[PDB]
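Undergrad: Below is a structure I'd like to ask you about.
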Amino acid sequence: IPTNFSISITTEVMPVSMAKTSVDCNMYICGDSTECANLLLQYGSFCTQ
Amino acid sequence: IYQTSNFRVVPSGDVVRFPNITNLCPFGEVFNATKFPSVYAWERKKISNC
């Protein structure tokens, strides 16, 4: 049977959020080539999905 | 809120800034001389990369 107590305080770290990233495929795909967009629009909604 | 499309600024002007002139031609110097040969002994100077 214990006779004395010991009040302790522990810590616990848990992530709840991350980096809200947003990549624009208009600049990533077809950076500056104006003729590149004509072929990029041929694929479809890969920049929308 | 519903994302629809993207936007981009269209370039209006254009900057064709080029480095200042390089190897200058000695044309400015061939017209400024104190002596010149005769007609039958004309000198043929080769000028290139100017």
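In the structure tokens, chains take the letters A, B, ... in the order shown, each chain's residues start at 1, and ligands count up from 1 in the order shown.
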Compute the chain A side of the contact with chain B at 12 Å, counting only C-alpha atoms, and hand it back as a list in words.

TA: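 That gives residues 22, 23, 24, 25, 26, 27, 31, 32, 34, 45, 47, 48 and 49 of chain A for chain A.
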
Undergrad: Contacts of residue 23 (chain B) at 12 Å or less, counting only C-alpha atoms, minus same-chain residues fewer than 5 places along, as a short mmCIF file (atom, residue, chain, number, x, y, z; two decimals) with C-alpha atoms, in the first residue's frame?

TA:
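Heads up, here's the output in selection.cif:
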data_model
loop_
_atom_site.label_atom_id
_atom_site.label_comp_id
_atom_site.auth_asym_id
_atom_site.auth_seq_id
_atom_site.Cartn_x
_atom_site.Cartn_y
_atom_site.Cartn_z
CA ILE B 47 39.15 44.66 -91.05
CA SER B 48 37.19 41.84 -89.42
CA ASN B 49 35.31 41.09 -86.19
CA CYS B 50 34.11 44.62 -85.49
#

Undergrad: Could you check how far CA of residue 21 (chain B) sits from CA of residue 35 (chain B), in Å to one decimal?

TA: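 Answer for the CA of residue 21 (chain B) to CA of residue 35 (chain B) separation: 29.3 Å.
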
Undergrad: Grab the CA of residue 10 (chain B) to CA of residue 21 (chain A) distance for me, in Å with one decimal place.

TA: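 The value is 25.1 Å.
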
Undergrad: Point out the residue among A:16, A:6, A:41, A:1 with the least atom-to-atom distance to residue 29 (chain A), counting only C-alpha atoms.

TA: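 Smallest distance to residue 29 (chain A) is found for A:41.
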
Undergrad: Which value, in Å to one decimal, gives the distance between CA of residue 45 (chain B) and CA of residue 32 (chain B)?

TA: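 The value is 14.7 Å.
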
Undergrad: Report as an NGL selection string: the residues of chain B with a DSSP assignment of alpha helix (DSSP H), based on the backbone of this structure.

TA: :B and (27-30)

Undergrad: Could the residues in this selection be written to a file with N, CA and C atoms, as a PDB file, in the first residue's frame?

TA:
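Saved to selection-v6.pdb:
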ATOM      1  N   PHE B  27      37.032  52.220 -88.549  1.00  0.00           N
ATOM      2  CA  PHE B  27      36.561  53.132 -89.622  1.00  0.00           C
ATOM      3  C   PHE B  27      36.746  54.576 -89.146  1.00  0.00           C
ATOM      4  N   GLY B  28      36.380  54.852 -87.894  1.00  0.00           N
ATOM      5  CA  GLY B  28      36.579  56.203 -87.339  1.00  0.00           C
ATOM      6  C   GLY B  28      38.039  56.615 -87.397  1.00  0.00           C
ATOM      7  N   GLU B  29      38.961  55.647 -87.359  1.00  0.00           N
ATOM      8  CA  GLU B  29      40.373  56.000 -87.317  1.00  0.00           C
ATOM      9  C   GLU B  29      41.026  56.033 -88.691  1.00  0.00           C
ATOM     10  N   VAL B  30      40.499  55.275 -89.657  1.00  0.00           N
ATOM     11  CA  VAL B  30      41.085  55.263 -90.992  1.00  0.00           C
ATOM     12  C   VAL B  30      40.839  56.579 -91.723  1.00  0.00           C
TER      13      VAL B  30
END
